[PDB]
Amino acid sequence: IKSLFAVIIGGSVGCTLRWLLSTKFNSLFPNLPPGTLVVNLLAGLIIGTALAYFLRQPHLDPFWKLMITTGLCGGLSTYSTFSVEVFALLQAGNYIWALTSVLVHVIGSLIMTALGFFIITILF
């Protein structure tokens, strides 16, 4: 039950952030909706920094780890919205941007996770 609160509090903050950023920005560039990209890139950055930080602090409460990863990063990022955007582009005959969206989300999200991990490792 205490673990469930961490997932819900963290998850609700993430989903709410994703909802605000997507509705505000996605329509600016429909070929690669920037709200959905930013939330995935940002979640990649946070999980990467968590990767390096939690290693160095093995005695942190599992409540805070759960709230940041499964909660916040889980609620903030999205695979389903990434799919419909690409699916819609494929149905619209826009293959060049369907491919570009897949590469930028995947390559971009791994790069942000690498930066998060190595920035904290270089500091510590």
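Throughout, we count residues from 1 along the sequence that is shown.
Among the modelled residues of its chain, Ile111 has a C-alpha B-factor that falls in the middle third according to the deposited record. Among all modelled residues in this chain, the alpha-carbon of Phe63 has a temperature factor (C-alpha) in the highest third. Remark: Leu99 belongs to the middle third of its chain, ranked by C-alpha B-factor as recorded. In the deposited entry, the Cα temperature factor of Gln57 places it in the highest third of its chain's modelled residues. Annotation for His105: C-alpha temperature factor in the lowest third relative to the rest of the modelled chain, per the entry.
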